[PDB]
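Read through the structure below, which is laid out as structure tokens, and then see the notes.
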Amino acid sequence: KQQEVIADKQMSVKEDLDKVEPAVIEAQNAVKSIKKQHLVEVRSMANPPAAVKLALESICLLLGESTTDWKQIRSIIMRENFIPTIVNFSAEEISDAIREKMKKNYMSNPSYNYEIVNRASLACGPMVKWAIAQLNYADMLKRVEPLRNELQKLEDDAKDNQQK
Amino acid sequence: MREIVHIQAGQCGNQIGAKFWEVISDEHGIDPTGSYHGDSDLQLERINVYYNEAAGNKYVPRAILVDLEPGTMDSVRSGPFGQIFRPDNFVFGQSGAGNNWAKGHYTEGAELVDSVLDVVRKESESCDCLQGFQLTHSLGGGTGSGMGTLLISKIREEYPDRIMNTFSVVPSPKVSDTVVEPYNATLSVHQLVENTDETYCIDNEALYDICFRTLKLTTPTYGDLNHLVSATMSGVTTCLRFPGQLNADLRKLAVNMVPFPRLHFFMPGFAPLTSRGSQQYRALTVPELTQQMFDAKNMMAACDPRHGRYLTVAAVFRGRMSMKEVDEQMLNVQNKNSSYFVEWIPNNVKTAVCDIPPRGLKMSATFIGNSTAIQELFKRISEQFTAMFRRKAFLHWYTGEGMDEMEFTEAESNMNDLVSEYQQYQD
Amino acid sequence: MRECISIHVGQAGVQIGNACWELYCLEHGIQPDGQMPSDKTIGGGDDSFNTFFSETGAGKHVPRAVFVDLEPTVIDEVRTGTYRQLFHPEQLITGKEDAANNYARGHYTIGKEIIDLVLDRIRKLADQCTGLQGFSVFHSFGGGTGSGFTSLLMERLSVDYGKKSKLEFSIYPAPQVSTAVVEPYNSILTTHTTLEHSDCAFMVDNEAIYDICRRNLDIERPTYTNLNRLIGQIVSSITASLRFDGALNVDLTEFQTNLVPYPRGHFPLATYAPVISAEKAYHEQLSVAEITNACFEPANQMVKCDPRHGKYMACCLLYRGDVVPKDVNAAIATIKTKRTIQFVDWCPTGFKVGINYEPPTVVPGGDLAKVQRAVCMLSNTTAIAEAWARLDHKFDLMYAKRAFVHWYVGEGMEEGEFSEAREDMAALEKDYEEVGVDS
């Protein structure tokens with residue numbers, strides 16, 4: 001009788017993940033899969049507007065070059081490795097230091113914000129909406145990671161109890 | 001002054017290169033051995049356009065004499081305008097012109113990249129005034145195809161930060177049956193689209209058709225036809241550095257060529273004439289200028305945009321003329337091509353004009369077209385391919401000298417994306 | 001007395017000042033350098049030596065206007081030309097360019113780079129504004145530096161110089177009348193900012209001045225070099241008739257009190273009398289009425305609002321040259337009592353007028369010569385909803401068919417600022433429909 005309750009509770013934890021995962025994984029997948037639409041909006045803007053240069057500097061932190069180094073960015077963009085470098089900062093494979101640099105700093109400040117970055121540009125606003133949604137799915141894959149680890153632990157305990 | 005460097009790639013990029021140098025030096029008062037025949041304004045300011053004055057009114061070139069092998073350098077160093085200055089400007093090194101794009105884009109490209117790059121890095125930092133680089137190219141074999149595409153990837157990695165403007169002569173675009181070569185040649189186009197910022201493509205057969213007809217000679221020597229092109233070019237670069245209210249500069253000119261963000265293809269046309277190089281009557285007035293622009297047949301590159309839309313244009317003039325007779329004529333010749341220039345913008349016009357003639361010319365000009373509804377070009381590469389894709393016994397050379405099939409399918413897709421992007425420009 | 005330091009930007013704006021300066025010199029008989037050998041003679045100013053002695057003087061001769069160009073050739077035309085001691089070389093500025101016709105470029109991208117040198121000149125020019133009236137500025141309104149740098153600067157000058165007079169002199173076709181669909185894109189943002197921060201602007205229509213030149217003045221080559229001399233001769237027949245001469249000499253502040261009687265810069269459209277072929281070729285003298293009839297002549301009056309319609313508020317006409325009282329009264333009175341002219345029902349008086357008393361004394365050769373009579377004309381119509389509606393219509397008109405804003409955002413400008421500006425033009429169109437239907 002206990003093992004089958006083990007099995008129901010593991011089913012109830014995956015049901016809680018299941019609510020939030022299919023919309024965020026479609027957005028997080030869409031970028032990763034380098035569709036035409038997504039790439040055109042990325043490959044745009046010679047001079048970013050003011051809030052958007054703040055955003056680019058943060059994208060180049062994800063690149064590795066710490067700031068909106070245009071000449072470096074112009075060169076690496078038109079090279080195949082720029083997106084791989086950046087998408088490696090996705091999911092739970094965003095660093096928790098970067099997630100806290102992002103959250104306590106950038107997304108605790110109006111200057112990097114959807115409001116300000118969508119007024120500043122119609123491309124840049126929805127990139128912030130994908131970037132923050134991907135940064136909250138990133139964070140969710142860290143801080144909702146105890147739910148996934150609980151669904152994992154209920155599976156592992158269930159297998160341990162098969163063998164005992 | 002502007003202080004331009006010319007990068008001339010392969011034997012074809014040197015052919016045009018050279019048959020520019022004679023004329024450009026000459027009109028700016030540089031004499032064959034580096035002396036002086038100036039005393040007009042451009043042969044005093046403007047003058048250091050590809051040059052510098054030095055050593056008691058002798059002329060060091062800013063565009064130094066570089067070649068690969070010595071007999072070609074013998075023709076450059078005998079000159080006539082290429083003998084100018086003491087030995088430091090003369091450079092040559094290795095050799096090329098091979099086959100197999102894969103060999104040329106890897107193993108047989110990399111040593112020749114290696115021989116080119118060091119002297120470029122040494123020259124490139126050491127030009128202060130340098131407004132930008134002029135580029136000309138060759139599609140000659142595995143070097144000019146394979147290597148030229150390898151090379152530009154290294155040049156643009158090295159220089160994202162410079163202005164590089166690429167003139168390219170082609171055997172009439174993709175007119176001939178092609179074996180398994182379509183999956184290679186799109187991968188060549190792939191590497192051209194991901195490493196080029198401003199492109200201009202010139203049709204050998206159209207200029208020979210222009211030679212048979214307009215210039216009245218049935219023999220089309222392209223070293224002669226590349227002089228005409230270039231001495232016409234003499235009227236363009238220096239036009240916009242002479243004074244005149246429409247002679248625009250960098251940030252404007254950039255968006256004028258790109259109305260829609262992705263990489264464009266510009267085509268030079270022809271402009272005043274009924275002949276040049278035959279007759280004693282060659283045409284030069286405002287009506288005679290408007291006639292070749294608002295025709296169809298003088299323009300380069302067999303892939304016809306013109307049916308699908310007539311898109312954007314510019315004409316760079318030299319010679320005193322009535323500005324409102326230009327715009328009055330322009331109103332009438334535009335009442336021909338109307339909405340259908342692109343019906344989002346009825347009428348596409350741009351011009352630039354300088355008062356002061358070019359050479360023995362009283363008036364001359366050039367014409368520049370852009371590319372919409374030419375998708376036919378990139379159906380055609382696929383339609384030739386079919387036979388010796390099916391009966392293929394030829395892909396394995398390119399592959400066993402370094403290629404592989406994902407790159408071929410990734411290239412194929414951008415040829416179809418091209419078909420779409422012109423379909424979409426016709427829209 | 002005399003005028004007041006004049007500042008010039010732009011390809012037409014510097015040369016409009018260069019041609020008007022030739023007319024100051026020509027009227028003075030001034031030497032390039034000296035010394036000038038007459039007792040005294042006037043043009044720049046009422047003294048004539050140490051040359052220019054333009055009120056501004058001594059040193060290597062202190063200039064009374066400033067030219068910011070990009071070309072050594074205009075500088076040679078001063079320094080080995082006439083004008084050599086009439087400016088000193090410390091204020092002859094010659095720079096470099098890079099072109100955009102974009103507001104964002106002019107304001108930001110090259111705008112924060114070049115500014116400091118010319119800001120240091122402008123702070124000193126404000127510090128030593130001789131003539132004391134205010135800034136009189138040529139423009140340079142529709143370019144990249146034109147549109148955006150003048151945004152940046154005019155807001156700066158409105159900021160720090162809020163009591164100081166500001167008169168803006170600009171060449172600009174009527175809205176939507178130019179060929180290119182996209183051309184309003186950089187300028188409608190300046191028109192938004194100067195909807196708040198401008199109060200006086202003198203406008204000349206480029207299409208109308210080109211046709212006037214082609215058919216009315218009947219010129220085989222219209223060139224922008226001849227247009228420069230043309231609009232400098234318009235501006236001279238205001239400036240050298242009201243400055244200190246045998247004239248009524250209207251200080252520009254009490255004039256602007258007539259120009260703006262009520263909130264919003266109420267600019268008037270401008271035109272000139274003798275921009276015609278018979279006057280060019282040399283004509284009869286003509287009375288105060290006869291020269292108003294000269295300014296009436298077909299296309300010399302604008303058809304923007306239709307020939308006699310658009311709810312006239314007033315017309316101001318500025319009668320240079322010797323003048324007879326009865327005739328001037330006849331000149332203003334006849335168009336009003338023949339009453340082809342549509343006025344506003346709230347006020348159809350038309351008492352606004354200027355008269356000055358001094359014949360032109362310049363040597364014949366250009367488009368202006370020794371005459372005893374002339375006139376300049378300013379139309380105010382209240383039904384100018386049409387101008388603001390045609391900025392909003394023409395902007396949307398590229399859009400309605402294809403996307404395009406993304407490029408100017410790509411030069412560093414905000415994307416929603418354009419939507420809102422288009423909207424303000426369309427808001428204003430409503431407000432102006434209110435005044436162009438009136439009570």
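Every chain in the structure tokens has a letter given in the order shown (A, B, ...), and although residue numbers restart at 1 in each chain, ligands are simply numbered from 1 in the order shown.
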
Can you tell me, as an MDAnalysis selection string, what residues are no more than 8 Å from residue A:14 when counting only C-alpha atoms, ignoring any on the same chain fewer than 4 positions away? chainID A and resid 10 18 148 151

Can you list, as a PyMOL selection string, every protein, DNA or RNA residue that comes within 8 Å of residue A:90 when you count only C-alpha atoms, leaving out same-chain residues fewer than 4 positions away? chain A and resi 28+86+94+134-135+138

What residues in chain C lie within 7 Å of chain B, counting only C-alpha atoms, written as a PDB file with N, CA, C and O atoms, in the first residue's frame?
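As written to disk, iface.pdb reads:
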```pdb
ATOM      1  N   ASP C  98      29.686  63.621 -42.646  1.00  0.00           N
ATOM      2  CA  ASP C  98      29.329  62.270 -42.815  1.00  0.00           C
ATOM      3  C   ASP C  98      27.849  61.945 -43.218  1.00  0.00           C
ATOM      4  O   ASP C  98      27.610  60.759 -43.284  1.00  0.00           O
ATOM      5  N   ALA C  99      26.878  62.941 -43.410  1.00  0.00           N
ATOM      6  CA  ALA C  99      25.521  62.839 -44.084  1.00  0.00           C
ATOM      7  C   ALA C  99      24.625  61.745 -43.628  1.00  0.00           C
ATOM      8  O   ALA C  99      24.969  60.556 -43.706  1.00  0.00           O
ATOM      9  N   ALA C 100      23.329  62.056 -43.306  1.00  0.00           N
ATOM     10  CA  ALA C 100      22.324  61.042 -43.058  1.00  0.00           C
ATOM     11  C   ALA C 100      20.936  61.410 -43.451  1.00  0.00           C
ATOM     12  O   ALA C 100      20.122  60.590 -43.923  1.00  0.00           O
ATOM     13  N   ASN C 101      20.551  62.677 -43.341  1.00  0.00           N
ATOM     14  CA  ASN C 101      19.171  63.203 -43.330  1.00  0.00           C
ATOM     15  C   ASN C 101      18.258  62.578 -42.263  1.00  0.00           C
ATOM     16  O   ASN C 101      17.069  62.354 -42.381  1.00  0.00           O
ATOM     17  N   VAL C 181       8.132  59.652 -50.393  1.00  0.00           N
ATOM     18  CA  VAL C 181       7.156  59.288 -49.402  1.00  0.00           C
ATOM     19  C   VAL C 181       7.691  59.370 -47.960  1.00  0.00           C
ATOM     20  O   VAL C 181       7.039  59.947 -47.046  1.00  0.00           O
ATOM     21  N   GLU C 220      17.059  79.576 -67.417  1.00  0.00           N
ATOM     22  CA  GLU C 220      17.361  78.351 -68.121  1.00  0.00           C
ATOM     23  C   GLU C 220      18.017  77.281 -67.187  1.00  0.00           C
ATOM     24  O   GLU C 220      17.408  76.258 -66.893  1.00  0.00           O
ATOM     25  N   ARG C 221      19.065  77.654 -66.402  1.00  0.00           N
ATOM     26  CA  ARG C 221      19.562  76.936 -65.214  1.00  0.00           C
ATOM     27  C   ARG C 221      19.153  77.486 -63.822  1.00  0.00           C
ATOM     28  O   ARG C 221      19.815  78.414 -63.270  1.00  0.00           O
ATOM     29  N   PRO C 222      18.029  76.999 -63.233  1.00  0.00           N
ATOM     30  CA  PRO C 222      17.965  76.957 -61.834  1.00  0.00           C
ATOM     31  C   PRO C 222      19.019  76.018 -61.233  1.00  0.00           C
ATOM     32  O   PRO C 222      19.138  74.824 -61.605  1.00  0.00           O
ATOM     33  N   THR C 223      19.800  76.503 -60.258  1.00  0.00           N
ATOM     34  CA  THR C 223      20.803  75.776 -59.508  1.00  0.00           C
ATOM     35  C   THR C 223      20.539  76.183 -58.084  1.00  0.00           C
ATOM     36  O   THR C 223      19.999  77.272 -57.834  1.00  0.00           O
ATOM     37  N   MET C 398       3.894  55.581 -46.454  1.00  0.00           N
ATOM     38  CA  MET C 398       4.801  54.437 -46.625  1.00  0.00           C
ATOM     39  C   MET C 398       4.376  53.157 -45.816  1.00  0.00           C
ATOM     40  O   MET C 398       4.585  52.034 -46.244  1.00  0.00           O
ATOM     41  N   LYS C 401       1.659  50.281 -46.467  1.00  0.00           N
ATOM     42  CA  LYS C 401       2.076  49.403 -47.540  1.00  0.00           C
ATOM     43  C   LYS C 401       3.363  48.598 -47.091  1.00  0.00           C
ATOM     44  O   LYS C 401       3.448  47.405 -47.377  1.00  0.00           O
ATOM     45  N   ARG C 402       4.290  49.234 -46.345  1.00  0.00           N
ATOM     46  CA  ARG C 402       5.458  48.472 -45.813  1.00  0.00           C
ATOM     47  C   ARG C 402       6.103  49.125 -44.608  1.00  0.00           C
ATOM     48  O   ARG C 402       6.126  50.337 -44.449  1.00  0.00           O
TER      49      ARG C 402
END
```

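Using only C-alpha atoms for every distance, the candidate list C:351, C:108, C:282, C:24 yields C:108 as the residue closest to chain A.
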
Residues of chain C within 6 Å of chain A, using only C-alpha atoms, as a list in words? residues 410, 411, 412, 413, 414, 415 and 416 of chain C

Put those residues in a file: N, CA and C atoms, as a PDB file, in the first residue's frame.
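Heads up, here's the output in part_23.pdb:
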```
ATOM      1  N   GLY C 410      17.370  52.193 -35.334  1.00  0.00           N
ATOM      2  CA  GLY C 410      18.693  51.814 -35.608  1.00  0.00           C
ATOM      3  C   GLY C 410      19.781  52.898 -35.638  1.00  0.00           C
ATOM      4  N   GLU C 411      19.409  54.148 -35.568  1.00  0.00           N
ATOM      5  CA  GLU C 411      20.287  55.333 -35.433  1.00  0.00           C
ATOM      6  C   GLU C 411      20.182  55.857 -34.048  1.00  0.00           C
ATOM      7  N   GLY C 412      19.434  55.220 -33.123  1.00  0.00           N
ATOM      8  CA  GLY C 412      19.529  55.654 -31.761  1.00  0.00           C
ATOM      9  C   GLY C 412      18.304  56.409 -31.285  1.00  0.00           C
ATOM     10  N   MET C 413      17.220  56.526 -32.103  1.00  0.00           N
ATOM     11  CA  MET C 413      16.001  57.123 -31.689  1.00  0.00           C
ATOM     12  C   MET C 413      14.900  56.166 -31.085  1.00  0.00           C
ATOM     13  N   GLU C 414      14.104  56.612 -30.076  1.00  0.00           N
ATOM     14  CA  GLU C 414      12.918  55.758 -29.689  1.00  0.00           C
ATOM     15  C   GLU C 414      11.817  55.437 -30.721  1.00  0.00           C
ATOM     16  N   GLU C 415      11.352  54.183 -30.748  1.00  0.00           N
ATOM     17  CA  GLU C 415      10.238  53.764 -31.633  1.00  0.00           C
ATOM     18  C   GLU C 415       8.834  54.337 -31.383  1.00  0.00           C
ATOM     19  N   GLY C 416       8.400  54.621 -30.120  1.00  0.00           N
ATOM     20  CA  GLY C 416       7.051  55.139 -29.843  1.00  0.00           C
ATOM     21  C   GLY C 416       6.882  56.600 -29.972  1.00  0.00           C
TER      22      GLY C 416
END
```

Give the answer as one residue: which of B:392, B:77, B:216, B:262 has the shortest atom-to-atom distance to chain A, using only C-alpha atoms?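 For chain A, the nearest of the candidates is B:262.
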
Pick out the residues sitting within 12 Å of residue B:212, and hand them over as a list in words; count only C-alpha atoms, and ignore anything fewer than 4 positions along from it in its own chain.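 Selected residues are residues 205, 206, 207, 208, 216, 217, 218, 219, 220, 221, 225, 275, 278 and 298 of chain B.
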
Could you list, as a count of residues only, every residue within 10 Å of residue C:84, counting only C-alpha atoms and ignoring same-chain residues fewer than 5 positions away? 14

Compute the set of chain A residues within 10 Å of chain B, using only C-alpha atoms, and express it as number ranges by chain. A: 36, 40, 43-45, 70-76, 78-80

Interatomic distance (Å, one decimal) between atom CA of residue A:97 and atom CA of residue A:61: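 Interatomic distance here is 12.1 Å.
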
Do you know which residues are at most 6 Å from residue C:270 counting only C-alpha atoms, after dropping those on the same chain fewer than 5 positions away, and could you put them as a list in words? residues 203, 204, 377 and 378 of chain C

Do you know which residues are at most 12 Å from stretch 372-379 of chain B counting only C-alpha atoms, after dropping those on the same chain fewer than 6 positions away, and could you put them as a ChimeraX atom specification? /B:172-176,182-183,185-186,189,259-260,263-267,301-312,340-342,385-386,411-427

So which residues of stretch 309-385 of chain B fall under helix (DSSP H, G or I) by DSSP, listed as a VMD selection string? chain B and resid 323 to 337 339 to 341 376 to 385

What does the distance between atom CA of residue C:67 and atom CA of residue C:92 come to in Å, to one decimal place? 6.1 Å

Exercise: residue B:294 partners within 10 Å, only C-alpha atoms, chain neighbours under 2 positions left out, as a PyMOL selection string: chain B and resi 271+289-292+296-298+310+330+333-334+336-337

Using DSSP on the backbone coordinates, identify all residues within stretch 144-299 of chain C classified as strand (DSSP E); present the result as a ChimeraX atom specification. /C:165-171,201-204,269-272

Kindly save the residues from that selection, with N, CA and C atoms included, as a CSV table (one decimal), in the first residue's frame.
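Contents of the output file out.csv:
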```
chain,number,residue,atom,x,y,z
C,165,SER,N,15.8,86.8,-27.7
C,165,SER,CA,15.0,86.6,-28.9
C,165,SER,C,15.7,85.5,-29.8
C,166,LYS,N,14.8,84.7,-30.4
C,166,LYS,CA,15.2,83.6,-31.3
C,166,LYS,C,14.4,83.6,-32.6
C,167,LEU,N,15.1,83.9,-33.8
C,167,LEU,CA,14.4,84.0,-35.1
C,167,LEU,C,15.0,83.0,-36.1
C,168,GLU,N,14.2,82.1,-36.6
C,168,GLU,CA,14.6,80.9,-37.2
C,168,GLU,C,14.2,81.0,-38.7
C,169,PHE,N,15.2,80.9,-39.6
C,169,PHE,CA,15.1,81.2,-41.0
C,169,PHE,C,15.3,79.9,-41.8
C,170,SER,N,14.2,79.4,-42.4
C,170,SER,CA,14.3,78.0,-42.9
C,170,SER,C,13.8,77.8,-44.3
C,171,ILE,N,14.3,76.9,-45.2
C,171,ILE,CA,13.8,76.6,-46.5
C,171,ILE,C,13.2,75.3,-46.4
C,201,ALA,N,9.7,81.4,-36.7
C,201,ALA,CA,10.2,80.7,-37.9
C,201,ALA,C,9.7,81.4,-39.2
C,202,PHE,N,10.6,81.8,-40.0
C,202,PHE,CA,10.4,82.4,-41.3
C,202,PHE,C,10.5,81.2,-42.3
C,203,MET,N,9.5,80.8,-43.0
C,203,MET,CA,9.5,79.7,-44.0
C,203,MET,C,9.3,80.2,-45.6
C,204,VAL,N,10.2,79.6,-46.4
C,204,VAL,CA,10.3,79.7,-47.8
C,204,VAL,C,10.1,78.3,-48.3
C,269,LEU,N,4.1,82.0,-43.9
C,269,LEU,CA,4.7,81.7,-45.1
C,269,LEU,C,5.1,83.0,-45.8
C,270,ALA,N,6.3,83.0,-46.5
C,270,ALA,CA,7.0,84.2,-47.0
C,270,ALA,C,7.1,84.2,-48.5
C,271,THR,N,7.0,85.3,-49.1
C,271,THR,CA,7.2,85.5,-50.6
C,271,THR,C,7.7,87.0,-50.9
C,272,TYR,N,8.1,87.4,-52.1
C,272,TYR,CA,8.8,88.6,-52.5
C,272,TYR,C,8.2,89.0,-53.8
```

Ranking C:225, C:102, C:216, C:381 by minimum distance to residue C:183 and counting only C-alpha atoms, which one comes first? C:102
